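# A structural walkthrough
The chain contents come next:
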Number of protein chains: 2
Amino acid sequence: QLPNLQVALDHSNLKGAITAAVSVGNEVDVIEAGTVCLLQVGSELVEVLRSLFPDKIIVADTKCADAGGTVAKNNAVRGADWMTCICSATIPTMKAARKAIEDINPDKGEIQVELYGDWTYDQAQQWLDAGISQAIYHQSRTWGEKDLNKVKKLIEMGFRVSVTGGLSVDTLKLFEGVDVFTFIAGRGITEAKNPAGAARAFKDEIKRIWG
Amino acid sequence: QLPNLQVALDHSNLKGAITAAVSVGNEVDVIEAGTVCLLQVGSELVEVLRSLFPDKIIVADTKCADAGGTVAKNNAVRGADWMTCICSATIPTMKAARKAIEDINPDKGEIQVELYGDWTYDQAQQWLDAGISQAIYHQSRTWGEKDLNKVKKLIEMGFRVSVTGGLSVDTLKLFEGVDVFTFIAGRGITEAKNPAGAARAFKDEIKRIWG
Ligand SMILES: [Mg+2]
Ligand SMILES: [Mg+2]
C-alpha cells in the first residue's frame with residue numbers, strides 16, 4: 001500500500017466543496033469534508049460525496065470533542081468511513097464515537113485523532129487502548145527533524161499517521177523512508193490551473209518515492 | 001447582573017433546534033446553537049435564531065480548533081455574538097477568531113474557551129493575554145469541591161465562567177456564593193411538560209440565590 005492522497009475540502013460553501021471534489025476525485029484516494037465546510041453546510045455534504053464516490057474513502061472532519069456516539073452516528077448514516085475527534089476529547093467520548101461508526105460501518109468505520117496543542121504520548125497510548133489507531137499530525141506554524149521524529153514515533157507506537165500542512169509535490173521527498181499513511185493536501189491542488197493534473201502529479205511523486 | 005440562563009440546542013435536526021428555541025426563548029438570556037446541531041445543519045441556524053431573537057445573546061458553539069478567522073467570520077456574518085474555541089486551539093488560532101468576530105460584531109463579539117481534557121492554568125492565562133476572558137466549565141463525568149474550586153479559581157483569574165452538566169432547579173444552590181457568569185441548561189428544560197415554565201422556574205431559582 002502506497003501513502004494515500006487525501007483532498008481536504010475546507011470551503012465555506014457547498015458549491016465550492018462539490019466542485020473541488022468532482023474536479024480531483026478520480027485522482028485521489030480519500031475525499032474529506034473539512035470542519036470549516038461541515039460547520040457551514042452540515043452533514044448532507046457527506047451523503048452527496050458518498051453518492052458521487054461510492055467506493056472512495058470519505059472523511060467527516062468534525063473534530064468531535066463531546067457527544068461522541070451522536071456525532072459519529074449522524075455522519076456514519078450519511079456515509080462517512082472516517083471521522084475525526086479532537087485530541088482533547090475524553091476516552092469515553094472517543095470510545096462512544098468509535099462504537100457508533102463501527103456499528104453503522106463495520107467494514108471501514110474508524111475514528112482519527114486530530115492532534116492540536118499539548119498532547120502527550122501517554123494520551124496517545126490511551127487512544128490505542130481505546131481501539132483507535134489513526135492520528136492526524138500537522139506541520140508546526142518546512143518539516144524539520146522535530147516534526148518528523150514525532151511522526152516516526154507515533155508510527156513506531158502503532159498509528160497509521162496522516163500528515164498535513166505545507167505539502168507539495170516538491171516537499172514530499174522530505175518524508176522519504178517514513179511510512180506515512182496518508183498525505184492530506186487542499187488548496188495547493190484544487191486551486192491549480194489543472195486540479196486533476198496537480199492531484200495526479202502529487203500522487204505520481206508519492207509513487208516515485210514509495211513505489 | 002444575575003447569572004444568565006443559556007439554553008443549549010444540541011438537536012440532530014433543524015426543526016428540533018428551532019422548536020426548542022421558540023418554546024423557551026422569552027425565558028432565557030442566551031440561546032446557543034450547539035456543536036451537534038451545527039455539524040448537522042450548518043450556520044444558517046444562527047441566522048434563523050438571530051432573526052427570531054433580535055436582542056438576545058446568540059452562541060455558535062463550533063468548538064473551533066483551527067481556521068479561527070474563517071470560522072469566526074462565517075458565524076459572525078450569520079449573527080452570532082459568542083463563538084466557542086476548543087481549549088486545544090493554538091493562541092494564534094484563538095486570536096484570529098477573536099479579531100474576526102470583533103470585526104463584524106464590535107458591540108458583543110467574543111470567544112469562549114471550551115474546557116475539555118487536560119488544560120492548565122498557564123494555558124488559561126495565555127487566553128486572558130490573548131484578549132479572551134470567557135470559559136466553559138463542564139461537570140466531571142454532583143458538583144463536588146474539586147470542580148467548584150476550579151470554577152472559583154478561573155473566576156479569581158478574571159474569567160466570566162459558564163458552567164454546564166447536571167444543572168437543575170434542585171442543584172443550583174450548590175453554587176451559592178460563587179459568581180457564575182452563565183448556567184447552561186439543555187434537555188432538562190426543553191423536554192419538560194411546560195418548557196417555558198421549566199425555563200422560568202430555573203431562572204427564578206437563580207433570582208432566589210443571587211438576587
Ligand atoms: Mg481536516
Ligand atoms: Mg455547547
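The deposited coordinates, according to the entry record, derive from X-ray crystallography at 2.000 Å resolution.

### Looking at the overall build of chain A
Check the secondary structure of chain A and you find 9 helices and 8 strands. Here the C-alpha radius of gyration of chain A, 16 Å, is about what a compact globule of 211 residues would show, namely 17 Å. Considered along the principal axes of its C-alpha atoms, chain A spans approximately 45 × 40 × 30 Å.

### Regarding the interface of chain A and chain B
Contacts between the two partners involve 25 residues from chain A and, on the opposite side, 25 residues from chain B. Interface of chain A and chain B: buried area, both sides summed, is about 2,100 Å²; carbon and sulfur atoms make up 53% of it. Counting across the interface, chain A meets chain B through 2 salt bridges. Notably, a salt bridge pairs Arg 141 of chain A with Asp 66 of chain B, separated by 2.8 Å at the nearest N-O pair. At the level of elements, α2 (35–41), β3 (57–64) and α4 (68–76) of chain A are the ones that each hand at least two residues to the side of chain A that touches chain B. For the side of chain A that touches chain B, the element with the most residues is α2 of chain A, which contributes 5 residues. Looking at the side of chain A that touches chain B residue by residue, the class counts come to 10 nonpolar, 11 polar and 4 charged.

### Considerations on the relation of the copies chain A and chain B
It takes a turn of 180 degrees to lay chain A on chain B, together with a shift of 0.0 Å along the axis; the resulting RMSD is 0.0 Å. Expressed as a symmetry operation, the mapping of one chain copy onto the other fits a two-fold axis. Scanning chain A for the C-alpha nearest the rotation axis identifies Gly 42 of chain A, at a separation of 2.2 Å. The fraction of interface residues of chain A whose copies in chain B are also interface residues reaches 100%, indicating that both copies meet through the same surface.

### A short note on the UniProt feature "binding site: Mg(2+)" (unreviewed entry) in chain A
Residue and element names in this part refer to chain A. The positions that UniProt labels "binding site: Mg(2+)" (unreviewed entry) are, in the present scheme, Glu 32, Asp 61 and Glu 114. Across 83 residues of sequence, these annotated residues stay compact in space, with a maximum C-alpha separation of 13.5 Å. Locating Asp 61 in the fold gives a position in strand β3. Excluding its chain neighbours within four sequence positions, the residues that come into contact with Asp 61 are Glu 32, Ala 33, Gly 34, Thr 35, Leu 38, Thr 84 and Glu 114.

### Overview of the packing of aromatic side chains
All names here are of chain A. Applying the stated criterion across every chain yields a total of 16 aromatic pairs over all chains. Where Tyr 137 meets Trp 143, the ring centres are 6.1 Å apart and the plane angle is 45 degrees; that geometry is what we call tilted. Among the residues examined, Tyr 137 registers a relative accessible area of 5% and is labelled buried. Put simply, the rings of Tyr 137, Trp 143, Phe 175, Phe 183 and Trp 210 pair up and form one aromatic cluster. Its guanidinium or amino end placed over the ring of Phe 181, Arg 160 lies 5.4 Å from that ring's centre, counting from NZ or CZ.

### Here's the deal with the pattern of salt bridges
Oppositely charged side chains may form a pair once their charged atoms are brought near each other. Scanning the entire structure with this criterion turns up 26 salt bridges over all chains. For the salt bridge of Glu 102 of chain A with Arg 98 of chain A, the shortest nitrogen-to-oxygen distance reads 2.9 Å. Of this pair, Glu 102 of chain A and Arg 98 of chain A both sit in helix α5 (residues 91–104), separated by 4 residues, roughly a single helical turn. Between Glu 110 of chain B and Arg 160 of chain B there is a salt bridge, with the nearest N and O atoms lying 2.8 Å from each other. Salt bridges linked by common partners bring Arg 50, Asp 81 and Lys 108 of chain A together as one network.

### A look at the coordination of the magnesium ion (ligand 2)
Residue and element names in this part refer to chain B. At the metal site, the magnesium ion (ligand 2) is ligated by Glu 32 (OE) and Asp 61 (OD), and these contacts range over 1.9 to 2.1 Å. With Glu 32 in strand β2 (residues 30–33) and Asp 61 in strand β3 (residues 57–64), this pair connects stretches of sequence that are 29 residues apart. Residue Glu 32 shares its accessibility class with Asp 61, and that shared class is buried.

### Quick look at the sheet that holds strand β6 (residues 134–138) of chain A
Residues and elements named next belong to chain A. If you walk around this closed barrel you meet the 8 strands as β1-β2-β3-β4-β5-β6-β7-β8, and the pairing is parallel. Adjacent strand axes in the sheet meet at a mean angle of 25 degrees when their direction is disregarded. Bridge analysis of strand β1 (residues 4–9) against strand β2 (residues 30–33) gives 4 bridges, and the strand direction is parallel. Looking across to β2, one finds that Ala 8 is bridged to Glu 32. Across the sheet, helix α9 (residues 195–210) lies against β1 and β8 (182–185), angled at about 150 degrees from β1, the strand it touches most.

### Concerning the UniProt feature "binding site: D-ribulose 5-phosphate" (unreviewed entry) in chain A
Residue and element names in this part refer to chain A. Sequence positions flagged by UniProt for "binding site: D-ribulose 5-phosphate" (unreviewed entry) are, in local numbering, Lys 63, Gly 166, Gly 186 and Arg 187. Note that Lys 63 resides in strand β3. A polar side-chain atom of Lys 63 sits 2.9 Å from a polar atom in the side chain of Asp 61. Inspection of the secondary structure puts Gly 166 in the loop between β7 (160–164) and β8. A relative accessible area of 48% places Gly 166 in the partly exposed class. Residues within four places of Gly 166 in sequence aside, it is in contact with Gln 139, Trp 143 and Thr 171.

### Quick look at the environment of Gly 186 of chain B
All names here are of chain B. Looking at the secondary structure, you find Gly 186 in the loop between β8 (182–185) and α8 (187–190). Looking at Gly 186, the relative accessible area reads 18%, which means it is buried. Each C-alpha atom of the pair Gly 186 and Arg 200 lies 14 Å from the other, and the pair is 14 residues apart in sequence.

### Comments concerning helix α9 (residues 195–210) of chain B
Residue and element names in this part refer to chain B. For α9, spanning 16 residues, the distance from its first C-alpha to its last is 23 Å, which sits close to the expected 22 Å at 1.5 Å a residue. Of all the residues in α9, the buried ones are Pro 195, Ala 199, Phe 202, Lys 203, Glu 205, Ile 206 and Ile 209. Projection of α9 onto a plane perpendicular to its axis shows the buried side chains occupying an angular sector of 150 degrees, all on one side. Elements that come into contact with the buried residues of α9 comprise β1 (4–9), α1 (14–24), β8 and α8.

Rules used throughout
Residues numbered from 1 in each chain as written, not as in the entry; some residues may be left out. Chains lettered and ligands numbered in written order. Heavy atoms only, no water. Residues with missing side-chain atoms left out of burial classes, pairs and counts. Helix = DSSP H or I, 4+ residues; strand = E, 2+ residues; numbered from the N terminus. Rg over C-alpha atoms; globule rule 2.2 N^0.38 Å. Contact = heavy atoms within 4.5 Å. Buried area = accessible area lost by both parts, 1.4 Å probe. Salt bridge = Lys/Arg side-chain N within 4 Å of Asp/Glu carboxyl O. Nonpolar A, V, L, I, M, F, W, Y, C, P; charged D, E, K, R; others polar. Least-squares fit on C-alpha atoms. UniProt positions renumbered as here; feature names shortened; annotations may be inferred. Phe/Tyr/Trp six-rings, centres within 6.5 Å; stacked < 30°, edge-to-face > 60°. Buried < 20%, exposed > 50% of the residue type's maximum accessible area, 1.4 Å probe, protein only. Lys NZ or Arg CZ within 6 Å of the ring centre and 35° of its normal. Donors = N, O, S within 2.8 Å, 3.2 Å for Na, K, Ca; no water. Pairing = 2+ DSSP bridges. Axes fitted to C-alpha atoms, helices over the stretch in contact; angles between N-to-C directions. Polar contact = N/O pair within 3.5 Å; in protein donor to acceptor, adjacent residues only side chain to side chain. Expected span 1.5 Å × (residues − 1). Arc of directions from axis to C-beta.

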